[PDB]
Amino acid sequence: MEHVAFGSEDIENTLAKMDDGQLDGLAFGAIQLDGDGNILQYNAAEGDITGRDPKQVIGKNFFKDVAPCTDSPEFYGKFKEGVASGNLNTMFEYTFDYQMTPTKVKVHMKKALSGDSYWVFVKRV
């Protein structure tokens, strides 16, 4: 398993090295999104939490298509503010409940070291 702690001060740095295969080895959920909210990466652990099939959601829009319960000021609101701003680093609790058993999680969003992309990291609380 890949040894990275949820909420770590340098997380963008550590995941920078990591291929889709290395992302699957994390203890928590990880999704890589572009600036428009399209899914670029989606790990096994996020899969175990939500029930989505990872390979199948890559290419879809997280806010419109996959996860419309996050299309809210308290989630997407903050995302788009971070993208406009070019800086983003926030952690909050949320409940995921679209076509699934409602599941409370801790959500951490952060700008990646790349370019114009963004991470969403998820764990159970």
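So that there is no doubt, residue numbering starts at 1 and follows the sequence shown. For clarity, a rigid core is taken as the largest C-alpha set superposing within 1.5 Å between two forms.
Per-stretch RMS Cα distance to the displayed form in 8 other deposited structures of this protein, following rigid core alignment, is highest for 26-34 when 82-90 and 26-34 are compared.
When 18-26 is weighed against 101-109, 18-26 comes out higher, by mean CA B-factor as recorded in the entry. Relative to its counterpart among 79-87 and 42-50, 79-87 has the higher mean temperature factor, C-alpha atoms as listed in the PDB entry. Residue-level inspection of the entry shows that, of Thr70, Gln56, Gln32, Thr95, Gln56 has the top Cα B-factor.
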